[PDB]
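What follows is a short report on a single structure.
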Amino acid sequence: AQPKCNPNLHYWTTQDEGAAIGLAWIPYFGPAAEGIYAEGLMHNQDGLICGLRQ
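Residue numbers (this note's numbering): -5 to 48.
Below you can see the structure in the form of structure tokens.
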């Protein structure tokens, strides 16, 4: 599989790149949100977890 394997983009992570971040893509009161509140799951897989594949 060829996902992207880019563990350098710790910000956009991957699923936060712009898939379902329209809700947390604007940290108002909470943390970044952009990933932890926009994705609340794959906000960590910023390339490290390249084992996802498919």
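Note that beta-carbon positions come from the ideal geometry of N, C-alpha and C, so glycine has one too.
Could you tell me how far apart the beta carbons of residue i and residue j are, in whole angstroms, since I believe they sit closer than 8 Å?
| i | j | result |
| --- | --- | --- |
| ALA32 | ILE15 | 4 Å |
Answer with buried or exposed for residue i, where buried requires no fewer than 16 other C-beta atoms within 10 angstroms of its C-beta.
| i | result |
| --- | --- |
| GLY29 | buried |
| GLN48 | exposed |
| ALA18 | buried |
| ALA27 | buried |
| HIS37 | buried |
Under the three-state reduction of DSSP, which class applies to residue i: helix, strand or coil?
| i | result |
| --- | --- |
| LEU17 | coil |
| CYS(-1) | coil |
| residue 82 | This structure cannot speak to residue 82, because the chain is shown only from -5 to 48. |
CB-CB under 7 Å to residue i, same chain, minus the five flanking residues each way: which ones, in chain order?
| i | result |
| --- | --- |
| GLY24 | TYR31 |
Give me the Cα-Cα distance between residue i and residue j, rounded to the nearest whole angstrom.
| i | j | result |
| --- | --- | --- |
| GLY41 | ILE20 | 22 Å |
| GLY45 | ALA(-5) | 9 Å |
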